[PDB]
Every structure is written in structure tokens, then in C-alpha cells.
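In case it helps, the authors' numbering puts the sequence shown at residues 14 to 48, 58 to 234, 241 to 312. Ideal Cβ placement from N, Cα and C applies to all residues, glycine included. Data block below; observations after.
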Amino acid sequence: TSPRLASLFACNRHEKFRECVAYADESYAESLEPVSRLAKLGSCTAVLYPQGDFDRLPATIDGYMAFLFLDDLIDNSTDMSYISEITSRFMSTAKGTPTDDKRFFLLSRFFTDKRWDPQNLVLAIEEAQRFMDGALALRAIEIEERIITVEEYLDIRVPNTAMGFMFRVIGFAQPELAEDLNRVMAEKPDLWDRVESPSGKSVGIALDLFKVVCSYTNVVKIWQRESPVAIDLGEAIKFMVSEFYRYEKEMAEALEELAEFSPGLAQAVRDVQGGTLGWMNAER
Ligand SMILES: CC(C)=CCC/C(C)=C/CC/C(C)=C/CO
């Protein structure tokens, strides 16, 4: 149930992907297993930053494993009090508060990595906060059993897909693009949002499709209630699949304007989106 999605964007692989896999394995064993899928974010960073600087990718691998680990505790949490404690610990860790807690150690290493461009780091922290606020809002909706529209959902969901976060990390993984990333955010935020918004919407749809019991915070179930005519799960999937292709077309059009501002940054965003989708499909 729920089909492969054919991204408009190529899935390209860093030359040193086999180094990425073996690093992901060793580092997971050492710093995370004491508290599986997580190491397979080795192969994944390799297809997110194919024109990245290999020397930046082990740090990125560690950051993403730690992020995936903690988000698993958040998404798998019943009550707001627990989720609030983890999210606030996440953000104080992203902001450099020291910790000797293996739930947070790899996260800390990534966010305190001295090679960050300083304004890229601030961008990354601010977007991580948007991700966390997104997760808190969605949990509260599921607990309240609040019926919201698809449109309300997707606007909340976009930061919580981590697409915008992975786009900010482009500046760390591919440091030749750090300056263009800062520039576009300071000078053309509207154009930037025309790219990132359909990206988060398409990938949020893809994510929700790929986990077909989360009834008020899955866009498939949400559209089931919103729909003007009764639809079953299979018909709701069909439509949201149609929506995924529509948002990707909107994103690609927006990337043509970004590309005249920065061809390099526009290509790196394409590669993040196409590697994300390539990997989700490949983990069939
Ligand atoms: C998590 C997403 C958007 C896709 C699955 C594979 C992936 C890109 C993992 C690493 C990125 C990350 C920061 C995950 C936090 O959700």
C-alpha cells in the first residue's frame, strides 16, 4: 500500500559514499547504540550532499543520526510534558550548552563544530526551533483530536519535515555555498520561501504516505475528512500522490529563479530533494 514516488530531481551520489557508510557504522556503534536503521543514514547523507566536501560529511552524519534518534523519542511520545522536555533539551544542546548525555552528545558535536559559517549556524538553529515547534503543535493536535484542514496541516508540517533544515546544512556540507545561502536569506527571502515551501509540502506528503495509526496528523487521513465526497484510504492516497507531483512541479519552477541567483545552490537543493526521495523509495 502507498506507491513509489518518481521525483523530478535526480538522486546523485557522493564519490566517497562507501566511506560515508563505514563511518556511519563505526560512529553509531560507539556513540549511540548504548542508548539498526540509524547507521543507514550513512548512505543517506552521501546522496543528500553529492557535491559536498567529504571532510564535512562525517560531522553531518553524526548530526543527522542524533537528530533522527531524538525525533524518534518525540514522535513516539504520548504526552506534551515529555515532548517539551526533549525538545527544549534539543535546542539548548543546539545552542552549545555542554552535555555528557549520550542522548545529546552527537547532536552537540554537530552544532558546536567549529567549521560552521557563523550565519549558517544561526540559520540552522532557528530552523531546528521551527521543526520543534512544529512537532509540539502536531502532538497537541493529535492529543486534542482537533480536526484541521489539509492547508492548516501542511503549513505546520513544512518545518517539521526537516527539508528546510537540510537545506540550511547545505552551507555546512558544501561550504562554497555558505555565502550564497546567507545572501539569499538576507536579500531574497521570498524567492527562498517559494522553493522551500513546496519542498516541505511535497516531502511532508511523501512522509505521511510512506507510513500507511496517526489519525489527526497524517495528511491522508486529514484529506479523508476534508473531502467533499466520501473517500477511502486508497482514494485519499491517490489524490495526495497527485498533490506530491504538483508541489514538485511548483518547486522546480521556483528553482529556475533561484538558479539564476545561484546555480550552485539551486543544484544543491535539487540534490537534497532528489536524494531524499531516492532514499525513501530505495528503503521501499
Ligand atoms: C528525515 C527525512 C526528512 C527523511 C528521511 C531520511 C533523512 C533525510 C534523514 C536525515 C535528515 C534528518 C535531519 C532527519 C530528521 O528528521
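Any idea what DSSP makes of residue i, helix, strand or coil?
i, result
"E28", "coil"
"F126", "coil"
"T115", "helix"
"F22", "coil"
"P197", "helix"
"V191", "helix"
"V69", "helix"
"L45", "coil"
"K210", "coil"
Measuring only the C-alpha atoms, how far is residue i from residue j?
i, j, result
"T67", "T82", "7 Å"
"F267", "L305", "18 Å"
"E271", "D122", "44 Å"
"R312", "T14", "11 Å"
"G292", "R253", "42 Å"
"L79", "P197", "11 Å"
"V225", "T183", "7 Å"
"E107", "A88", "16 Å"
"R161", "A116", "22 Å"
"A61", "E46", "10 Å"
"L90", "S255", "33 Å"
"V48", "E39", "15 Å"
"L213", "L203", "12 Å"
Below 8 Å on the Cβ atoms is my contact criterion, and I expect residue i with residue j to pass it. Report the Cβ-Cβ distance as a whole number of Å.
i, j, result
"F194", "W138", "6 Å"
"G303", "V34", "Going by Cβ atoms, the distance from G303 to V34 rounds to 14 Å, so no, they are not a contact pair."
"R216", "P181", "16 Å between Cβ atoms; not a contact."
Can residue i be considered in contact with ligand 1, in the sense that its beta carbon sits closer than 7 Å to one or more heavy atoms?
i, result
"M185", "yes"
"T304", "yes"
"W214", "no"
"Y86", "yes"
"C242", "no"
"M188", "yes"
Indicate, with yes or no, if ligand 3 has a heavy atom lying under 7 Å from the CB of residue i.
i, result
"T82", "In terms of ligand content, the structure shown lacks ligand 3 and carries ligand 1 instead."
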